[PDB]
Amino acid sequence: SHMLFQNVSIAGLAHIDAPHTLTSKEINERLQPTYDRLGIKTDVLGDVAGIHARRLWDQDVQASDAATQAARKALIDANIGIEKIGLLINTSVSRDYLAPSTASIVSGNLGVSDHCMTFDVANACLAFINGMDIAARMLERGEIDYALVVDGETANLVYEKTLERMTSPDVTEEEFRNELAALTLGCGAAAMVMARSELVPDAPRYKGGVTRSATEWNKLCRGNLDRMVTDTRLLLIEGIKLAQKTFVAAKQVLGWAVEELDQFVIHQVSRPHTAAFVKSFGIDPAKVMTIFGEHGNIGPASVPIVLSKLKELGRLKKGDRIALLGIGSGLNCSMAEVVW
């Protein structure tokens, strides 16, 4: 009985790389006194997490500015003007205010029309995929012809504050390990234009997918603009268990088998998360592009940034079956298919 979306396309896609590099060698030089004054012995960022660098924005780029840049790029990629957009959804973790929606700020910056509906979705690192599904459901019903899904992430504050706390005279060491995951984050932005397939006949098709949850674990990863507290070991383990659930579901509603899929575009928390993941499922590592090593974790923008890089590098061919996979704080796990 389950029907996938059949008239929803991706008309354009774009990403923005933030311009300032902060290396994990430079972070380590700053933290070395504190590493020594408790003899931390391993380089956890570079050697364990597998993050060698991340990007940061210019001072006072807001989430709305970053999303706006990506959106302009995505409109050019779709070859459409802003007057065609009927829905603008912002899916970032970073937000200018509690009200109004960051989506209304981006939409104001772009000059959308008075028919354009706008709102934000929040759902930690899965929100872009939620935003895509929300938009597809409007597209499918005929409410709009084109939608923009946007996401701008700003981590400059979290770096500045996290690094002060960690180089304090007072600073202790249960906190160091609870805080250190904030130094895996990065800045970046992405946007996607989605459309009714009759308007864009050659474009990739979005089929939808499945979601499962384990909300019993909503305590494991709490973040505000200035701080992120995480139980990294436990979110690893309970993530993988939830993904296995979500895979079986994806067997039945999507027809999935690993090996018939051409690419896996996965949210990337760390080299160890990623390796446990692909080993659990026997996925070919070559079908799994990663940017974490140079960009860190860009929250909900990671998925579409990786899809955009796949596209720009020429790796995606007509007919490829693309799996979009995220495990997000919640815990929530969504898995969706695009047919290129």
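In case it trips you up, residue 1 is the first one in the sequence shown, and so on.
Student: Out of 212-220 and 255-263, which one has CA B-factors that are higher on average in the deposited record?
Tutor: Going by the record's values, the stretch with the higher mean is 255-263.
Student: Taking the mean of the C-alpha B-factors per stretch from the entry, tell me the winner out of 281-289 and 301-309.
Tutor: So the stretch with the higher mean C-alpha B-factor is 281-289.
Student: Considering only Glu238, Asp145, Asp133, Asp77, which residue's Cα atom bears the greatest B-factor as recorded?
Tutor: Most elevated C-alpha B-factor of the set, per the entry: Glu238.
Student: Going by the CA temperature factor in the entry, name the top one among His52, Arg55, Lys41, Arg315.
Tutor: Max CA B-factor in the entry, restricted to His52, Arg55, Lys41, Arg315: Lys41.
Student: Is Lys207 in the lowest, middle or highest third of its chain when residues are ranked by C-alpha B-factor?
Tutor: Its C-alpha B-factor belongs to the middle third of this chain's values.
Student: Sorting the chain's CA B-factors, does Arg196 end up in the lowest, middle or highest third?
Tutor: It belongs to the lowest third of the chain when residues are ordered by C-alpha B-factor.
Student: How does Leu183 rank on Cα B-factor within its chain, lowest, middle or highest third?
Tutor: CA B-factor rank for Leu183: middle third.
Student: What third of the chain, by the recorded C-alpha B-factor, contains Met3?
Tutor: For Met3, the deposited C-alpha B-factor lands in the highest third.
Student: Taking the values exactly as deposited, rank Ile27 by C-alpha B-factor within its chain and report the matching third: lowest, middle or highest.
Tutor: As the PDB entry reports it, the C-alpha B-factor of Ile27 lands in the middle third of its chain.
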